[PDB]
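Heads up, the thing below is written out as structure tokens.
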Amino acid sequence: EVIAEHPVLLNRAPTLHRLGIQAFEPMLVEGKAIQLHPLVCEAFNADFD
Amino acid sequence: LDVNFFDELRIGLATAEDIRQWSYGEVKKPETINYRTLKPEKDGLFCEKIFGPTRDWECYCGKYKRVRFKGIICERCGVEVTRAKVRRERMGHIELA
Amino acid sequence: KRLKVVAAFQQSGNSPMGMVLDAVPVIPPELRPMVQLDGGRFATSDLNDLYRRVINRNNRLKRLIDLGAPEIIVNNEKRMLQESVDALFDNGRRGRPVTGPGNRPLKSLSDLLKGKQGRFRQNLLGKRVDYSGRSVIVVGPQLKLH
Amino acid sequence: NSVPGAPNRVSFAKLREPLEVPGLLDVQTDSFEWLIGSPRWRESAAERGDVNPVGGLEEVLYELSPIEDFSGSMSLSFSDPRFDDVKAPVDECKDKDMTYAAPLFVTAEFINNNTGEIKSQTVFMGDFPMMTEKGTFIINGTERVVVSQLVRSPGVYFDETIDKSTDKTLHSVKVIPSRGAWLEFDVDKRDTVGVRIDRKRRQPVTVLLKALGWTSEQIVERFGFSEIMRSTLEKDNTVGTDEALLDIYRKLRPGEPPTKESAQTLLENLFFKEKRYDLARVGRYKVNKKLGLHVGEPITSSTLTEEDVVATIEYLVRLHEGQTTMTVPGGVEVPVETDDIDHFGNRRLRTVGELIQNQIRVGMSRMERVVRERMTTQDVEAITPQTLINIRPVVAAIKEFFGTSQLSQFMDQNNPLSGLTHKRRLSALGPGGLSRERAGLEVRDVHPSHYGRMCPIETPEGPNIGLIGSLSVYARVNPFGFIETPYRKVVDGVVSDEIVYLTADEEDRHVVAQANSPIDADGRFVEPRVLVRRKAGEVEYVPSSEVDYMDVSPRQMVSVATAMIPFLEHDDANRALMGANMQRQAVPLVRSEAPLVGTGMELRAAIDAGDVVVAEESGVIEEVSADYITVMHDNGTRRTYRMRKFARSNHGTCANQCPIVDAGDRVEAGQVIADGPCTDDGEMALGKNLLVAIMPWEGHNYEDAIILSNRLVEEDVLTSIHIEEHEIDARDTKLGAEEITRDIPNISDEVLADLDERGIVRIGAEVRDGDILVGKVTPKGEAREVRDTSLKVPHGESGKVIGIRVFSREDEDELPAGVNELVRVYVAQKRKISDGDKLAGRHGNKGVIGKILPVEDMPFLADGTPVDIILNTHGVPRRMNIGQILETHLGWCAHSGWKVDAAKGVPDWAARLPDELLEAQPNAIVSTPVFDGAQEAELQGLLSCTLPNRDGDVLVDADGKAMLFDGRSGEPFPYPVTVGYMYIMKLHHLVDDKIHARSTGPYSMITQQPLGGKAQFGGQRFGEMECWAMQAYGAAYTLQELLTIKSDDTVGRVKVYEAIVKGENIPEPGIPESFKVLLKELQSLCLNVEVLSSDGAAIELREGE
Amino acid sequence: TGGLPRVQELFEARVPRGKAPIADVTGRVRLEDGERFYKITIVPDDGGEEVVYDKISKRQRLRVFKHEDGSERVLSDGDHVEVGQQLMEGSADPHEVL
Amino acid sequence: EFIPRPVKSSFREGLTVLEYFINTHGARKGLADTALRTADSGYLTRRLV
Amino acid sequence: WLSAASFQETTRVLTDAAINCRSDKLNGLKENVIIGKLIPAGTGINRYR
RNA sequence: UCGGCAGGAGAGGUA
DNA sequence: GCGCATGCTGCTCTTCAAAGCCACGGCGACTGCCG
DNA sequence: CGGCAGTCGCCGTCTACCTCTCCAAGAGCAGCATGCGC
Ligand SMILES: [Mg+2]
Ligand SMILES: [Zn+2]
């Protein structure tokens, strides 16, 4: 309930335009990696390798 | 300080009078720091008299200590009894021959 | 070409007598720190040596002037003091740079303001911040757009 | 083959090989053998061309001596270098943090010409670091590798340019020496030949020709065939050698008064000398090769003569004319052409010996200057060689080279392949080469002369692309520094079996055929026309009757890591580049297994790397345990070999050796006795064999992600061991002396239960983050003067404790001055596979693990066998790496086993297969060489011959596709899917070493911003490009908060923290400190910068109120 | 030029590589063929002095405008070019066109 | 400039030694220029901002 | 001079400003970022603040 | 209540 | 056996020599140099 | 005197992250310490 409805900002370098920074709503997962939506990879220009 | 009160930023050439104004004292000896006592030298480039006390409310000698002696200049050392954060904002000068 | 310089000293209320120095300021000590090298000694500060050179030349010049020295020696000392101050303000602009241990040129007062690794483009236009993290990203197909 | 005990790996190769690959580490050891002057190199040089067996140190010591003074009364000389025995073995030096070296002695004699007496005695000239048997140095306890350097060769270099102002060609020269001054003739826009003697302005070449002693008559008589020389002749106006000497004197020495005697000596002590000009052996050989000079006698001397310069000028005018021949008075014949500066006949190699010899020479010259200066201030009759010699410069130069240098690099020990590759690297940078910024786009290209000398595929991917390369497998280095490569001589259209090594400057005058050429039983070409390589790398289709040479093998042009990719010719260059780079990043696993599909290079890449144990003689095994093997020789001698159990490498990995012999086996010399880190029965094994399916699956393998099974975690298939090391030091202080003890009056007794009676942890204890390792206290002066300073486990670390090494001063151990005790603690952990870890293949496949699934959620074959990994099909066609699909097909065929029917004779598609490849057993190992392997008709025919399983069913049909069931719904998938086996490696990019977070922590000193880095608990930079996005969004408050109260506002940070904890509102930001630092910086340059208000009255901007 | 080179020679406004002259004053042309360099000077259809636009090289070709005749005419001595016509073929100069 | 001799074999049949060698001449240039056209576009962007 | 000194040629612009005795009014995006104030765009303008 | 710290250079990598 | 004389290695202090060394494009002042 | 053209010197060349090692030297000058001689 601390992290409920508290947005965070995700950023990937280089930041070539506005959509290199976006605000999401965090969820607790199991592991040590961040999970990213498939539809924002075009704006972030981010593959998964 | 309030950032909402600035209105200008002026630059210009500085004269010798301004340089002697900003300064709190003149350095004479090229020494920097005592290697063995690990304490600043006198009239060097790292000096408590010109720049400020290394520790809070202290001085070179031990006549005045703790926070009750502020405003008093030590008469045998010459170090002000004040905070140690004043060493980031006090300058000095060199008198060229 | 000349009027651009000759009129600046007239339109304002300054004087052209600021290009010749008679006192040199000294930066506060906490801006040029000297720290121990892993329980050994102190190894340079890149700004406390150019000051030591200036002070040494000034002291020698004062002692030689207040002795009755011939003109040639005093002129040599004055030239050497001028070169030392010039190297303090901008090292390498005239002649060859003043090097230290390992033939590594020393860094002057004007080298902490210029370039992509200076104050302007590395401490004022971009900083390091608290409340931040980093990790490797992976794909999650069960999430929503927010 | 050719190795006593090796696994039987059948091969698909159709060509035979007349040569065997050489020693893979002889480029490092041969140079040091030459430098040291050992008998092995002496015998090798006596085998061929035994003229001057001169060592590396001897030639320096003989070029130095004799050292004479100005008067000419006494002299000093040196001779006879010799080495003592190495002080300590390798393991002692690696343990006690020492250096592996042996003392060096030379003999010096002192002659006095005034009297005639001679006094000679042996002097000691310091310890010389020595190279181990693997080609590495141990310097201060760390293993190091010296990397070879690619540098231009001294000599004469012509050119050709066109001008955009006018329209005509302009030529030039450039006499580049090893050490000296640069000459530079050149034609001009009009017609005035000029010379820039030492980059000093310009002057017509006729002043120099006159200075040297050529009168107008002689010149005009010799240089009269051309007209540009006539023109220059009738416009010098300096006729006279003395006035020409003065001419160049008032040019090279400005301000000084010109005296004919000084000009005479300046035209001799610059080029025609022996002390300042030196065209080294290479330079001399190349000059007397281009300018067709005296190539009839040995190569002696190293200074510029007159004939040389005259021939240079002649060549330049004949080249400006446009001929193609020339002959100097009494010479030979040579073409008149310009040369390229990137040709591998103009670039030489500076190996380790010539890199150490330069530093030794520099130290020698400094010592020589010192002794010359000190020989004239001492009194005679008390002068001895031991009193004139100073050792400090030489040892200083040696220790400066072997330490802070750009070419003696920290060795990488991720796995044996990376270590082997590090020692075979050719680097174009360093003290004397290029720069990452100055280098353009023409020095980073694949020249046609690299064929057989450099690998065109293995190169870095970042800013060092094309500046670092690898030597080829068959390449070798000249005694001058030029790389050679072997060829087979052909005569009358028949290929012989005589091997000749050719340099790039000799193979451009011959027609060289191609490795993949049909050759009959006798040796005659089958095809009427063959693909050859002509002079300027021109590929042509000539009729086979002109060929003069032939390649030795199809893998002549690839390195040792590129020759380990099966089906390389089916892959694009970029993907093979990535595959070769990523084969050196694999980590060793707890259990190793060799590939099902290989290449055959993996057996000799493990013996030559040196991470295995081989037998030095023949005998029977007497005793075998987990840490020693005892072998009894035939003569009677017994030898025992020890093992390294759980040793830490340079990169934190584990280096473990295990025996693979029994207690009664017979062992032949050269047989592998023990395994190694990434070795399986003598051959290199960097990964595991896994069952693959090529299909999309619910979007979990979207955009290069990978889906794994849970059987890879429950069975420890991909698990590795990582070891860590921590130290602390006990020293003295001005208030006392630090002591390590369990008694600490600051912390409780509950957390001091895992410590022994000495303050150290006990072996076998499980430590965690923030736990205690050793307990140390510091006195503050004399009680109650004890402070706490204890070594603790850093943040986010854990693992068992496996070893402690304590060094003390009182027990007679070498220690740095000022410290009393040392202690090291080793901590080890076992890491499994998880989300975020990076996997790879040999063909360029690369991605992180997206999901790990239960074995019941996985697609399974008709008999109930789940698959182990799922890969997406959208990434294969657009990247042109189709070798992976062929690898999966061949791997399935090898795993299942096959049998070809020959009831009605051998089928037509199996005509060229060997007789041992017509039948195979389950779990067989095959080999497909890099450019001569399995064709596609053979694969298509083998895919329909595979054996069935326990029940008489064939799961994979003739296309390599199988019908799978869905493990979540139960229904079969509507179309067949490709199944097979593939080789998967684990890369050293793990997510447990990349996660980081911070709320508050340590801050800086000058600008009170958060620290940087993960080891120092630092923050993340919010750079300039990230501010533009904030300003384009319109977020004025987020940026202000990010820039003031989270970075620099010292007074607002604490109030913000208090407000957050107490639940109140966040306060208003103040002013950053970096602005004040900038203002004091501007004020220290005598600039009067002030901050005004709305009505003047400058603000103080210092707080304090 | 093409690519970033060009983008920056149209942003950081500088003189191009092959500068093609433009017609100063609407008029007929005086296209004469020389050895390695043409030399036009144009005809003043206004009543003044011909703008001597000569010394152009041969390498750079001639252009094809939408001439009054109604086709891709290559500058022929006696051609009614208008104010702004790029005589030759090559990026013009942004300071002369101003 | 184009080489007058072509590469007659697809990647499905496998190139020979010489075809594979001459395929890399214009495969290295791509990467080097890609690496050198990322440092002259970011200075143009910084100048435009 | 504050916005031009942080772009290029710091020494030349500083010398010219010192000779001319120039004054900065701190009315831009870069200067307001440097000194630590609200930028005059988006939510930092008077109507919305 | 004593008591209490964080600069440069070089090399190799990932996106 | 005692008294004289001469050399241990840590510590301190101060800074020119001198050989060693070998992108690219744009711009603007400037300076000998020819005419 | 007056054009002038070559020349030289000074500006600029993408962002974020990870791991490792190395950091003046020489010469003089102490306050004692150990050998030899009568
Ligand atoms: Mg990527
Ligand atoms: Zn006091």
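Identifiers for the structure tokens are assigned positionally: chains receive A, B, ... in sequence, residues are indexed from 1 per chain, and ligands are indexed from 1 in the order shown.
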
message = Counting only C-alpha atoms (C1' of nucleotides), a student should be able to say which residues of chain C come within 12 Å of chain J; what is the right answer, written as a list in words?
response = residues 36, 37, 38, 40, 41, 42, 43, 44, 93, 94, 100, 101, 102, 103, 104, 115, 116, 133, 134, 135 and 136 of chain C

Let me see the file: selected residues, N, CA and C atoms, as an mmCIF file, in the first residue's frame.
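The resulting out.cif:
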```
data_model
loop_
_atom_site.group_PDB
_atom_site.id
_atom_site.type_symbol
_atom_site.label_atom_id
_atom_site.label_comp_id
_atom_site.auth_asym_id
_atom_site.auth_seq_id
_atom_site.Cartn_x
_atom_site.Cartn_y
_atom_site.Cartn_z
ATOM 1 N N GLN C 36 45.013 11.967 1.732
ATOM 2 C CA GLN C 36 45.965 10.871 1.841
ATOM 3 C C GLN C 36 45.756 9.842 0.736
ATOM 4 N N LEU C 37 46.862 9.284 0.241
ATOM 5 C CA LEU C 37 46.822 8.283 -0.824
ATOM 6 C C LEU C 37 46.948 6.895 -0.202
ATOM 7 N N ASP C 38 45.833 6.407 0.345
ATOM 8 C CA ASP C 38 45.741 5.051 0.891
ATOM 9 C C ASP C 38 46.791 4.819 1.980
ATOM 10 N N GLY C 40 49.393 6.457 2.806
ATOM 11 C CA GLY C 40 50.767 6.767 2.461
ATOM 12 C C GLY C 40 51.066 8.244 2.614
ATOM 13 N N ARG C 41 51.232 8.935 1.487
ATOM 14 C CA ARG C 41 51.467 10.374 1.482
ATOM 15 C C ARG C 41 50.433 11.073 0.612
ATOM 16 N N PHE C 42 50.616 12.370 0.398
ATOM 17 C CA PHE C 42 49.773 13.142 -0.501
ATOM 18 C C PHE C 42 50.453 13.272 -1.855
ATOM 19 N N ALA C 43 49.671 13.073 -2.915
ATOM 20 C CA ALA C 43 50.193 13.064 -4.275
ATOM 21 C C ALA C 43 49.521 14.135 -5.119
ATOM 22 N N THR C 44 50.067 15.352 -5.061
ATOM 23 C CA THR C 44 49.699 16.477 -5.915
ATOM 24 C C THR C 44 48.261 16.938 -5.706
ATOM 25 N N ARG C 93 49.315 28.079 -23.140
ATOM 26 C CA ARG C 93 48.933 29.066 -24.144
ATOM 27 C C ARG C 93 50.152 29.632 -24.861
ATOM 28 N N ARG C 94 51.230 29.895 -24.125
ATOM 29 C CA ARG C 94 52.467 30.409 -24.697
ATOM 30 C C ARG C 94 53.615 29.492 -24.307
ATOM 31 N N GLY C 100 54.601 17.683 -14.698
ATOM 32 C CA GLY C 100 54.912 17.190 -13.379
ATOM 33 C C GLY C 100 55.508 15.798 -13.409
ATOM 34 N N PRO C 101 55.055 14.930 -12.503
ATOM 35 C CA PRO C 101 55.543 13.542 -12.494
ATOM 36 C C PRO C 101 54.966 12.755 -13.662
ATOM 37 N N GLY C 102 55.848 12.195 -14.484
ATOM 38 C CA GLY C 102 55.419 11.396 -15.612
ATOM 39 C C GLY C 102 55.182 12.161 -16.891
ATOM 40 N N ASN C 103 55.695 13.389 -17.000
ATOM 41 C CA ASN C 103 55.503 14.233 -18.181
ATOM 42 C C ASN C 103 54.026 14.528 -18.425
ATOM 43 N N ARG C 104 53.255 14.646 -17.344
ATOM 44 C CA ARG C 104 51.832 14.930 -17.429
ATOM 45 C C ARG C 104 51.607 16.414 -17.203
ATOM 46 N N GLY C 115 35.577 23.020 -21.972
ATOM 47 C CA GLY C 115 35.508 21.658 -22.455
ATOM 48 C C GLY C 115 34.247 20.936 -22.018
ATOM 49 N N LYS C 116 34.074 19.731 -22.566
ATOM 50 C CA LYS C 116 32.935 18.900 -22.196
ATOM 51 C C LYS C 116 33.089 18.270 -20.818
ATOM 52 N N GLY C 133 17.707 4.019 -9.553
ATOM 53 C CA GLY C 133 18.159 2.648 -9.647
ATOM 54 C C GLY C 133 18.427 2.249 -11.081
ATOM 55 N N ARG C 134 18.803 0.984 -11.258
ATOM 56 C CA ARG C 134 19.178 0.457 -12.562
ATOM 57 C C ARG C 134 19.091 -1.060 -12.519
ATOM 58 N N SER C 135 18.717 -1.656 -13.647
ATOM 59 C CA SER C 135 18.657 -3.110 -13.780
ATOM 60 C C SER C 135 18.452 -3.449 -15.252
ATOM 61 N N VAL C 136 18.408 -4.746 -15.542
ATOM 62 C CA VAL C 136 18.201 -5.263 -16.892
ATOM 63 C C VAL C 136 16.714 -5.453 -17.141
#
```

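Proximity to chain F at a cut-off of 6 Å picks out residues 446, 569 and 570 of chain D on chain D, counting only C-alpha atoms.
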
Please produce a file of those selected residues containing N, CA, C and O atoms, as a PDB file, in the first residue's frame.
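What follows is the written file part-v4.pdb:
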```pdb
ATOM      1  N   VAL D 446      39.673  -4.040 -44.620  1.00  0.00           N
ATOM      2  CA  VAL D 446      40.235  -5.349 -44.924  1.00  0.00           C
ATOM      3  C   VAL D 446      41.000  -5.213 -46.236  1.00  0.00           C
ATOM      4  O   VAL D 446      40.418  -5.263 -47.319  1.00  0.00           O
ATOM      5  N   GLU D 569      30.413 -20.812 -43.566  1.00  0.00           N
ATOM      6  CA  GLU D 569      30.161 -20.251 -44.887  1.00  0.00           C
ATOM      7  C   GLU D 569      28.687 -19.960 -45.142  1.00  0.00           C
ATOM      8  O   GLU D 569      28.368 -19.337 -46.158  1.00  0.00           O
ATOM      9  N   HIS D 570      27.788 -20.401 -44.264  1.00  0.00           N
ATOM     10  CA  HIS D 570      26.366 -20.115 -44.383  1.00  0.00           C
ATOM     11  C   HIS D 570      25.938 -18.905 -43.564  1.00  0.00           C
ATOM     12  O   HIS D 570      24.754 -18.561 -43.568  1.00  0.00           O
TER      13      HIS D 570
END
```

note = Nearest to ligand 1, restricted to only C-alpha atoms and all ligand atoms and choosing among D:572, D:622, D:261, D:704, comes out as D:704

ask   = Got a sec to check which residues lie within 12 Å of ligand 2, using only C-alpha atoms (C1' of nucleotides) and all ligand atoms, and send them as a PyMOL selection string?
value = chain B and resi 48-49+53+57-65+69+72-81

Atoms kept (C-alpha atoms) for selection, written as a PDB file, in the first residue's frame:
```pdb
ATOM      1  CA  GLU B  48      43.653  28.681   9.898  1.00  0.00           C
ATOM      2  CA  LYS B  49      44.232  32.410  10.442  1.00  0.00           C
ATOM      3  CA  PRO B  53      39.242  26.916  11.828  1.00  0.00           C
ATOM      4  CA  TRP B  57      34.347  26.333  17.525  1.00  0.00           C
ATOM      5  CA  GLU B  58      38.048  25.524  17.964  1.00  0.00           C
ATOM      6  CA  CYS B  59      41.340  27.299  17.264  1.00  0.00           C
ATOM      7  CA  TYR B  60      45.057  26.648  16.926  1.00  0.00           C
ATOM      8  CA  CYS B  61      45.589  26.668  20.703  1.00  0.00           C
ATOM      9  CA  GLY B  62      43.207  25.348  23.353  1.00  0.00           C
ATOM     10  CA  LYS B  63      42.243  28.539  25.180  1.00  0.00           C
ATOM     11  CA  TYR B  64      38.720  28.718  23.715  1.00  0.00           C
ATOM     12  CA  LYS B  65      36.677  25.587  23.016  1.00  0.00           C
ATOM     13  CA  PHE B  69      33.436  31.785  22.624  1.00  0.00           C
ATOM     14  CA  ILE B  72      36.244  36.416  20.079  1.00  0.00           C
ATOM     15  CA  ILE B  73      39.538  36.493  18.174  1.00  0.00           C
ATOM     16  CA  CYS B  74      42.254  34.404  19.821  1.00  0.00           C
ATOM     17  CA  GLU B  75      44.940  36.830  20.953  1.00  0.00           C
ATOM     18  CA  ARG B  76      47.855  34.376  20.717  1.00  0.00           C
ATOM     19  CA  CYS B  77      46.827  32.406  17.607  1.00  0.00           C
ATOM     20  CA  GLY B  78      44.586  34.792  15.663  1.00  0.00           C
ATOM     21  CA  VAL B  79      42.017  32.172  14.633  1.00  0.00           C
ATOM     22  CA  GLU B  80      38.331  33.040  14.773  1.00  0.00           C
ATOM     23  CA  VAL B  81      36.147  30.802  16.945  1.00  0.00           C
TER      24      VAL B  81
END
```

task = Mind checking which residues fall within 6 Å of stretch 675-680 of chain D, counting only C-alpha atoms (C1' of nucleotides), ignoring those fewer than 4 positions away in the same chain, and posting them as a PyMOL selection string?
result = chain D and resi 588+592-594+611-612+655-658+684-686

Go through chain H residue by residue and, counting only C-alpha atoms (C1' of nucleotides), keep those with an atom at most 8 Å from chain D; for each kept residue give the shortest atom pair and its distance in Å to one decimal, ordered by chain and increasing number, as a Markdown table.
```
| residue | atom | partner | partner_atom | distance |
| --- | --- | --- | --- | --- |
| H:3 | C1' | D:787 | CA | 7.1 |
| H:6 | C1' | D:1004 | CA | 6.6 |
| H:10 | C1' | D:406 | CA | 6.6 |
| H:11 | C1' | D:409 | CA | 6.6 |
```

Based on the selection just made, write C-alpha atoms (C1' of nucleotides) of those residues as a PDB file, in the first residue's frame.
```pdb
ATOM      1  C1'   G H   3      34.676   9.057  18.448  1.00  0.00           C
ATOM      2  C1'   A H   6      35.306   9.487  -0.674  1.00  0.00           C
ATOM      3  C1'   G H  10      45.900   3.969 -18.479  1.00  0.00           C
ATOM      4  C1'   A H  11      43.560  -0.723 -20.384  1.00  0.00           C
TER       5        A H  11
END
```

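Residues lying within 12 Å of residue J:35, counting only C-alpha atoms (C1' of nucleotides) and ignoring same-chain neighbours fewer than 5 positions away, are residues 3, 4, 5, 6 and 7 of chain I.
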
Output N, CA and C atoms (P, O5', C5', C4', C3', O3' and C1' of nucleotides) for every residue in that selection, as an mmCIF file, in the first residue's frame.
```cif
data_model
loop_
_atom_site.group_PDB
_atom_site.id
_atom_site.type_symbol
_atom_site.label_atom_id
_atom_site.label_comp_id
_atom_site.auth_asym_id
_atom_site.auth_seq_id
_atom_site.Cartn_x
_atom_site.Cartn_y
_atom_site.Cartn_z
ATOM 1 P P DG I 3 86.830 5.431 28.957
ATOM 2 O "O5'" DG I 3 87.543 6.432 27.939
ATOM 3 C "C5'" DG I 3 88.924 6.248 27.626
ATOM 4 C "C4'" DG I 3 89.200 6.548 26.161
ATOM 5 C "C3'" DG I 3 88.217 7.499 25.485
ATOM 6 O "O3'" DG I 3 88.847 8.230 24.396
ATOM 7 C "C1'" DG I 3 88.160 5.462 24.388
ATOM 8 P P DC I 4 90.402 8.674 24.382
ATOM 9 O "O5'" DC I 4 90.671 8.925 22.830
ATOM 10 C "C5'" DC I 4 89.647 9.486 22.025
ATOM 11 C "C4'" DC I 4 89.671 8.938 20.610
ATOM 12 C "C3'" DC I 4 88.819 9.741 19.633
ATOM 13 O "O3'" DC I 4 89.355 9.617 18.330
ATOM 14 C "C1'" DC I 4 87.970 7.595 19.743
ATOM 15 P P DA I 5 89.421 10.877 17.337
ATOM 16 O "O5'" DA I 5 89.420 10.197 15.891
ATOM 17 C "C5'" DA I 5 89.989 8.904 15.711
ATOM 18 C "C4'" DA I 5 89.178 8.116 14.697
ATOM 19 C "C3'" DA I 5 88.345 8.963 13.734
ATOM 20 O "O3'" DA I 5 88.232 8.295 12.496
ATOM 21 C "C1'" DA I 5 86.927 7.546 14.910
ATOM 22 P P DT I 6 88.278 9.101 11.107
ATOM 23 O "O5'" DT I 6 87.572 8.088 10.096
ATOM 24 C "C5'" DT I 6 87.657 6.693 10.340
ATOM 25 C "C4'" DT I 6 86.380 5.994 9.914
ATOM 26 C "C3'" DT I 6 85.548 6.724 8.856
ATOM 27 O "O3'" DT I 6 84.885 5.787 8.024
ATOM 28 C "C1'" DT I 6 84.248 6.458 10.760
ATOM 29 P P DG I 7 84.755 6.066 6.449
ATOM 30 O "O5'" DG I 7 83.348 5.407 6.069
ATOM 31 C "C5'" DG I 7 83.180 3.993 6.076
ATOM 32 C "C4'" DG I 7 82.006 3.578 6.950
ATOM 33 C "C3'" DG I 7 80.639 3.555 6.258
ATOM 34 O "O3'" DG I 7 79.880 2.451 6.734
ATOM 35 C "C1'" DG I 7 80.510 4.835 8.185
#
```

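Across chain F, DSSP run on the backbone finds alpha helix (DSSP H) at residues 17, 18, 19, 20, 21, 22, 23, 25, 26, 27, 28, 29, 30, 31, 32, 33, 34, 35, 36, 42, 43, 44, 45, 46, 47 and 48 of chain F.
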
request  = Could you check how far atom CA of residue D:942 sits from atom CA of residue D:974, in Å to one decimal?
outcome  = 26.2 Å

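With atom CA of residue D:283 on one side and atom CA of residue D:155 on the other, the separation reads 4.9 Å.
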
request  = Identify which of the residues G:35, G:45, G:17, G:29 lies closest to chain F, counting only C-alpha atoms when measuring atom-to-atom distances.
outcome  = G:29

message = For the structure I just gave you, how does DSSP split chain A - specifically, which residues are strand (DSSP E or B)? Reply as a ChimeraX atom specification.
response = /A:8-11,21-24,34-36

task = Identify every residue of chain C that has at least one atom within 10 Å of any atom of chain B, counting only C-alpha atoms, and report the result as a PyMOL selection string.
result = chain C and resi 14-34+41-42+48-49+51-63+65+78+81

Given only C-alpha atoms, how would the per-residue table for chain D near chain G read, listing every residue at most 9 Å away with its closest atom pair and distance in Å to one decimal, sorted by chain and number, as CSV?
```
residue,atom,partner,partner_atom,distance
D:1031,CA,G:41,CA,7.7
D:1032,CA,G:42,CA,8.6
D:1033,CA,G:42,CA,7.7
D:1034,CA,G:42,CA,4.1
D:1035,CA,G:42,CA,6.4
D:1036,CA,G:44,CA,5.4
D:1037,CA,G:38,CA,7.0
D:1039,CA,G:38,CA,8.4
D:1040,CA,G:38,CA,6.4
D:1043,CA,G:36,CA,7.2
D:1044,CA,G:36,CA,6.6
D:1069,CA,G:36,CA,8.6
D:1070,CA,G:36,CA,8.0
D:1071,CA,G:36,CA,6.2
D:1072,CA,G:36,CA,6.7
D:1075,CA,G:35,CA,6.5
D:1087,CA,G:18,CA,7.2
D:1088,CA,G:18,CA,8.3
```

ask   = C:47, C:98, C:113, C:80: which is nearest chain D, counting only C-alpha atoms?
value = C:113

message = If the limit is 7 Å from any atom of ligand 1, counting only C-alpha atoms (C1' of nucleotides) and all ligand atoms, which residues qualify? Return them as a ChimeraX atom specification.
response = /A:46-49 /H:15

message = At a cut-off of 12 Å, using only C-alpha atoms (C1' of nucleotides), what residues contact residue A:20? Leave out same-chain residues fewer than 6 positions from it and give the result as JSON, numbers by chain.
response = {"A": [9, 10, 11, 12, 13, 14, 40, 41, 42, 43, 44, 45, 46], "D": [1025, 1026, 1027, 1028, 1029, 1030, 1032, 1033]}

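Note that atom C1' of residue J:26 and atom CA of residue D:395 are 14.2 Å apart.
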